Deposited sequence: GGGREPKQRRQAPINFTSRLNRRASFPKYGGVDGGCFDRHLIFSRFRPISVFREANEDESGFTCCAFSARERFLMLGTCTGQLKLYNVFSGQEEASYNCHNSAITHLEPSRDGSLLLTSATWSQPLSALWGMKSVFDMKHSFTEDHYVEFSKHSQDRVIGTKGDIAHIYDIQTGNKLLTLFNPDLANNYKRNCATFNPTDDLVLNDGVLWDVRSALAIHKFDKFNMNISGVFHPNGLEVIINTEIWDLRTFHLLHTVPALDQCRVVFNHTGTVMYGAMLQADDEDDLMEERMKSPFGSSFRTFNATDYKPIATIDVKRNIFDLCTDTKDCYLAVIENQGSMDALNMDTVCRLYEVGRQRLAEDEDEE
């Protein structure tokens, strides 16, 4: 991991970056802020290119669509909590998702949104904004504190609160046992495995494939080719993560690197060519009057 660039928020006594994702335009990173702005930066010069006030509370998550035309955001206490934005010509709001505190696109065909409200997942149509499905079974809930509902790479399975759902049937297929308080899991991009905290489960057999202790309390991100997995660990404006991230081979789950950047991490993401890792790092503690985050770009890569 060679450092390539660093920048702080412009136009600001203190720097309030909270989350990031590369745009569909190469060289440009999208970042959310603690005042609910979405900004576009040149990742090498550190130049702010554009700004929009998406929310009147801190941005906690964003996801751009692959084709460049849409963006999801989630805020902190604002109503609506999550929204979908169009970014063709004029930046505008298309839909909002009133009490969903987290939202993702579908993966194969990005025509749906999946939102999380506590233990409950909601699936929405992008065009109409309509709620198509609610996935929730009170007998199967794990009540994970950092529940994030997510589609599998083919958009036909959902993981919500440690429960595997079939989207077409709207039926729970399997409940994975609860082995931690917080992390609910993701799908591996191979379509065959799920990573729930320290457990890797096979989707065809439900056997345990691997135990990876170093994934405890880690938010997992994959690079775009699906060969490397990045883990940032939840903290014991408070940072969501501690100051180290871990990388693993995505095919055999063997450790590649432990990087302690010595600053609490707010977010990390890779570009679509997997040359770079962008990391939001806090120069301040949570005791500071104000936030002072930087975006650091590392070549992996």
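- Residues of the deposited sequence lacking C-alpha coordinates, numbered from 1, fall in the stretches 1 to 45, 282 to 291, 357 to 367.
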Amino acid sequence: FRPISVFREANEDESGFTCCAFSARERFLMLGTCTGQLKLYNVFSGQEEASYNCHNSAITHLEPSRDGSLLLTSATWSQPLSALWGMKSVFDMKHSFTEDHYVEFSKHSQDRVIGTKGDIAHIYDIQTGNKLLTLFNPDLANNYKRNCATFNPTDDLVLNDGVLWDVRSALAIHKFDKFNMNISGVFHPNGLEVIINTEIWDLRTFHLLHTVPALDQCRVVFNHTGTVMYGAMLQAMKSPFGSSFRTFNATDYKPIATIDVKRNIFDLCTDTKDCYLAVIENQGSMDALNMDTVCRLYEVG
From here on, numbers count along this sequence of modelled residues.
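Each form is matched to the other, and the largest set of C-alpha atoms that superpose within 1.5 Å is called the rigid core.
- Relative to the shown model and aligned on the rigid core, the C-alphas in 4 other deposited structures of this protein deviate most, among 198 to 206 and 227 to 235, for 227 to 235.
- The mean Cα B-factor in the deposited entry runs higher for 84 to 92 than for the other of 211 to 219 and 84 to 92.
- In this entry, the higher average B-factor at the C-alpha atoms falls on 23 to 31, of the pair 263 to 271 and 23 to 31.
- Within the group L140, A121, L72, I183, the record's highest C-alpha temperature factor is found at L140.
- If you compare the C-alpha temperature factors of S45, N53, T60, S65 in the entry, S45 comes out highest.
- Ranked within its chain, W165 lands in the lowest third, by CA B factor from the PDB record.
- Looking at the C-alpha B-factors along this chain, the one for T293 belongs to the lowest third.
- In the PDB entry, a CA B factor belonging to the middle third of its chain's modelled residues is recorded for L40.
- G231 sits in the highest third of its chain by CA B factor, as recorded in the PDB entry.
- Remark: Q127 belongs to the highest third of its chain, ranked by C-alpha B-factor as recorded.
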